[PDB]
Structure formats: structure tokens, C-alpha cells
Amino acid sequence: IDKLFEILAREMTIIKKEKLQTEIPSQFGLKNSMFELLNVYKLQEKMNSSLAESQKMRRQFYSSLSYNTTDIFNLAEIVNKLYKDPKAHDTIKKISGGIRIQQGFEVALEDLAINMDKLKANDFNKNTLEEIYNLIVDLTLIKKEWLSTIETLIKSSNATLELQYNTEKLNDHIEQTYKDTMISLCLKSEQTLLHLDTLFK
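Shown numbers run from 1 along every chain as its sequence is written, which may differ from how the entry numbers residues; residues without coordinates are omitted from display. Calculation of side-chain values draws on the structure's entire complement of heavy atoms; hydrogens and water are dropped beforehand.

Its PDB header attributes the entry to X-ray crystallography and lists the resolution as 3.40 Å.

Here it is as C-alpha cells:
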């Protein structure tokens, strides 16, 4: 149960730091790429608008990559190459479940702190407190894996002049090597929440 507190203090501060960061107006290369492709709803604008709910939704993508601006630049570079080719627009969709992932992590954590008082009770089931911590970690872990994957991608997508140049193949590369991984990671994230969300109630 202290691990849980260590966790909350640890990630919830890391996010304070992340929120203070200002976006650069350019939205990191991604204004007219990822954030024009995608349409945030409720009740609908593009993800690049002034509209509040989207500016939050841009942060969450940045925070997915722990706001390492270099990575976000280096991913834009790639996304920008993929956005010329409709054939590879679905790859661009998979790359932005980093957002969905993150939202759930903020939400799980928002509730953790809330419900933290209830599972403090010496009375609360120890064989379920365990279930919860396990999920909690798994969330925090997926997060890691994701950033990990994004970087790894960035390395192999610029490993050869041909993979910097030919979009047809760049995308193949990514579909081949990472799309599944980004799919499943996006799923694991839902479903851990949903399970967790149950557990809180």
C-alpha cells in the first residue's frame, strides 16, 4: 500500500511538470497532420482547434511521450511523411492511441487518489487491493512500453536513406514491425481500466 503512495506521488508530480510546459504554436510538426486528420467529438471540431477539449487532447499525446520534444518532433517528421499517402493514414490513427492510453492513466490515477482513502481501510479485501495495484502498475507499464515503442520506431524509421524517403515502404515497415504492438497496447489500456473501474465500485 505504500508502493501505491510512492506511485501516486511519483507519476502525479511528473504530470504537474508536464502540464506547465507550453505548446509551441506549430504543434510540433503535427498541426496539419495528425491533428487535422483526427476529429474530437462530444460537438465536433478538428484536434488542432482552439476548442478546449482538444488542447487537453494534444497534451495527452505529448505526455504519452513524456513531453520529450525531440521524440515528438522526430515522430512528426515521420507522421508528416505518412500523411501524404492515404494508404498509410491508418498507421497514423494507430500512432495516436498514445492519447487514449494516457487519458486512462490520468483517469485511473485521478480515481486512485480519490478512492485511495477507501482501500486504506484495514477492512478492505487484501486479495483485491492486490488486483488493483496490479492493474495500476500494468497501466504505468503500458505507458512505458508505449514510449519505448515510439522511440524504437523513430530509430528504425530513419535507419536508411530509403526509409527516410519512400513512404510506401516506411509505412510497410511500421505496419510490419509495430502496428500490432500499438493496437494491443491500446487495448490492454482499455481493458485494464474497465476492469479497474469495476473494482473501484
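## Re the packing of aromatic side chains
Between the rings of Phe, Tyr and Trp (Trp by its six-membered ring), a pair exists once the centres lie within 6.5 Å; its type follows the angle of the planes, with under 30 degrees stacked, over 60 edge-to-face, and the other angles tilted. This model, assessed by the stated rule, comprises six aromatic pairs. Here the aromatic rings of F28 and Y62 are separated by 5.0 Å at their centres, their planes lie at 55°, and the arrangement is tilted. Seen from their ring centres, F35 and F61 are 6.1 Å apart, and the 85° between their planes marks the pair as edge-to-face. The exposure classification of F35 matches that of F61, with both residues buried. Following the ring pairs from residue to residue traces out a cluster consisting of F28, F35, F61, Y62, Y67 and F73. Working definition: with a 1.4 Å probe on protein chains only, accessible area under 20% of the residue-type maximum means buried, over 50% means exposed, and in between means partly exposed.

## As for the environment of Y62
A helix here means a DSSP run of H or I that spans at least four residues, while a strand means a run of E at least two residues long, and both kinds are numbered starting from the N terminus. Structurally, the position occupied by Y62 is in helix 3 (residues 52-64). Exposure remark for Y62: the relative accessible area of 2% places this residue in the buried category. When the C-alpha atoms of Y62 and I99 are compared, they prove to be 8.3 Å apart, with 37 residues separating the residues in sequence. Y62 has contacts with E23, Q27, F28, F35, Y67 and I72, leaving out every residue within four places of it along the chain. Contacts were defined at the residue level, with two residues in contact if any of their heavy atoms lie within 4.5 Å.

## Remarks on unusual backbone geometry
Leaving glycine aside, a negative phi is the common case for residues, and trans is the common case for peptide bonds. Unlike most non-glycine residues, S66 shows phi in positive territory, near 50°. Phi is positive for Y67, which is not a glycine, with a value near 55°. Within the secondary structure, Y67 is located in the loop between helix 3 and helix 4 (69-82). Classification of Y67 as buried rests on a relative accessible area of 8%.

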